[PDB]
Amino acid sequence: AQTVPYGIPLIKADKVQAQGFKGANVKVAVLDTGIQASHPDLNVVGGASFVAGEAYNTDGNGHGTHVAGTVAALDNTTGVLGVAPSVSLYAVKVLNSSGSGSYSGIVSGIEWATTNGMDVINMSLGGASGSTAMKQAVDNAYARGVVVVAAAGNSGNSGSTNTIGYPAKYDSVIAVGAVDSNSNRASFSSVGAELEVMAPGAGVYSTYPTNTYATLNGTXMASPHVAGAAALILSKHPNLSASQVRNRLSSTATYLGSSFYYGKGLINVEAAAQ
Ligand code: NA
Ligand code: NA
């Protein structure tokens, strides 16, 4: 009936859901291409669109629905199961159906999340360059107590070259890498002095536009696993500042190898929310 993607047990998330920690009442914004609100295995509680011509509750591309799915697909008997099934999900469309969006459209997106009280902000987007405003936008969301998690990048390792992208590159933002189901790092995963943790990214199955589920690859898939893990930790220890949460994710991580390719290693929501 319900499929449990490899990532859920990979990061010990299933152990936490067992204790009864599902991330209920935690507000999480997915800053992506929108979310097919009508998907049965998903429940968007609200949000906003900073993209012209399209509401936030529609996904013209598929990316946003897949990512939102990894964070909180309903713990029911249909489709998949997400990392934090009881999270209050927010669709913040800042990327058009082509998967591209402006610095401003994104900054506005981040601005809305903080002002509207999201405890976690997920950004599975990024590019070769950043912005003075974007930098400011994330440092404040963070100073304001939100957990900003972003995708590291699908730029492979170009030697000793830093392929980590923005917004990830910033220090107030968590740069997530990608591992397969074997816990080995996936080839597309970006390498850099900023790679912070690794989460499932290869062959991630989740909800997908027009009431179905697909398998995709990318650090974009890795990212909603830590945003999902932040949610469980916060549901367990509510009065935990963003920094404490950030620390327990990295600190407790399962070492796999060199931090330039792994950061602190694979995550372990169970050790983290301890
Ligand atoms: Na489900
Ligand atoms: Na960062």
Side-chain angles (χ1 to χ4, degrees), residues 26-35 44 46-57 59-61 63-64 67-68 71 89-155 161-177 190 192-197 218-220 222-224 226-227 230-231 241-243 245-246 249-250 263:
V26 183
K27 295 57 86 204
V28 180
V30 190
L31 264 66
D32 231 281
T33 64
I35 301 177
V44 172
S49 174
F50 297 102
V51 168
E54 40 182 331
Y56 67 84
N57 42 30
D59 194 337
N61 172 95
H63 197 241
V67 180
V71 179
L89 198 67
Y90 292 84
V92 175
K93 172 175 296 175
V94 310
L95 294 172
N96 67 181
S97 64
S98 301
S100 182
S102 64
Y103 296 132
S104 31
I106 305 179
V107 173
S108 306
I110 312 163
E111 298 191 311
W112 182 97
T114 308
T115 303
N116 290 248
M118 295 323 130
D119 326 300
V120 199
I121 280 176
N122 185 88
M123 300 180 287
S124 285
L125 54 84
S129 41
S131 188
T132 39
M134 196 177 272
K135 197 229 188 292
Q136 252 99 308
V138 299
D139 297 332
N140 285 123
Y142 195 45
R144 288 272 293 272
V146 194
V147 184
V148 197
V149 180
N154 299 316
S155 320
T161 303
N162 202 114
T163 41
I164 299 287
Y166 299 72
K169 202 82 154 56
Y170 296 118
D171 63 1
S172 60
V173 180
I174 305 180
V176 186
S190 261
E194 296 89 8
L195 185 41
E196 203 167 325
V197 296
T219 44
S223 172
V226 173
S241 67
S243 312
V245 169
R246 190 166 171 170
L249 281 177
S250 45

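Throughout, residue positions are numbered sequentially from 1 according to the sequence presented.
- Closest non-hydrogen pair, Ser172 versus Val138, comes out as OG-CG2, 3.3 Å.
- With hydrogens and angles disregarded, no donor-acceptor distance shorter than 3.5 Å links the side chain of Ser223 to the backbone of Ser124.
- For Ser102 and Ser104, the side-chain atoms include at least one donor-acceptor pair closer than 3.5 Å.
- Two residues are said to be in side-chain contact when any heavy atoms from C-beta on lie closer than 4.5 Å; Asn140 and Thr114 fail this criterion.
- Scanning all heavy atoms of the two residues, the minimum distance from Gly101 to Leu95 falls at N-CD2, 3.2 Å.
- Scanning both residues, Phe50 and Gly105, for their nearest heavy atoms gives CB-O, 3.6 Å.
- Two residues are said to be in side-chain contact when any heavy atoms from C-beta on lie closer than 4.5 Å; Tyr166 and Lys135 fail this criterion.
- At least one donor-acceptor pair closer than 3.5 Å links the side chain of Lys93 to the backbone N or O of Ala55.
- Taking OG1 from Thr115 and CD from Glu111, the interatomic distance works out to 7.0 Å, rounded to the nearest 0.5 Å.
- Closest approach of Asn61 to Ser97, counting heavy atoms only: CB-O, 3.0 Å.
- Checked by atom type and distance alone, the side chain of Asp119 pairs as donor or acceptor with a backbone atom of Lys27 at under 3.5 Å.
- Between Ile110 and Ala141, the shortest heavy-atom contact is CG2-CB, 4.4 Å.
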CA sep, side-chain torsions, deciding dist, call: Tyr170, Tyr142, side chain to side chain contact (heavy atoms under 4.5 Å, CB included): CA-CA 11 Å; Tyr170 296 118; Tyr142 195 45; over 6 Å; no
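- Of the inter-residue distances, the one linking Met134 atom CE with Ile106 atom CD1 reads 4.5 Å to the nearest 0.5 angstrom.
- Here the closest non-hydrogen pair linking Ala168 and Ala175 is CB-CB, 3.7 Å.
- Atom CG of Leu125 and atom OG1 of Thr33 lie 10.0 Å apart (nearest 0.5 Å).
- Here the CD1 atom belonging to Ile121 is positioned 12.5 Å from the OH atom belonging to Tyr90, to the nearest 0.5 angstrom.
- With hydrogens and angles ignored, the 3.5 Å screen pairs a side-chain donor or acceptor of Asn154 with a backbone N or O of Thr219.
- Applying side chain to side chain donor-acceptor pair (under 3.5 Å) to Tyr103 and the options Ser129, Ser131, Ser108 leaves one that passes, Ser129.
- Within the 4.5 Å cutoff, the side chain of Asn96 has heavy atoms near those of the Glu54 side chain.
- Side-chain contact between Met123 and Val94 is absent, with no heavy atoms from C-beta onward closer than 4.5 Å.
- The closest side-chain heavy-atom distance from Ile35 to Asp59 is not below 4.5 Å.
- Checking side-chain atoms of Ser155 against main-chain N and O of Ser190 turns up no donor-acceptor pair under 3.5 Å.
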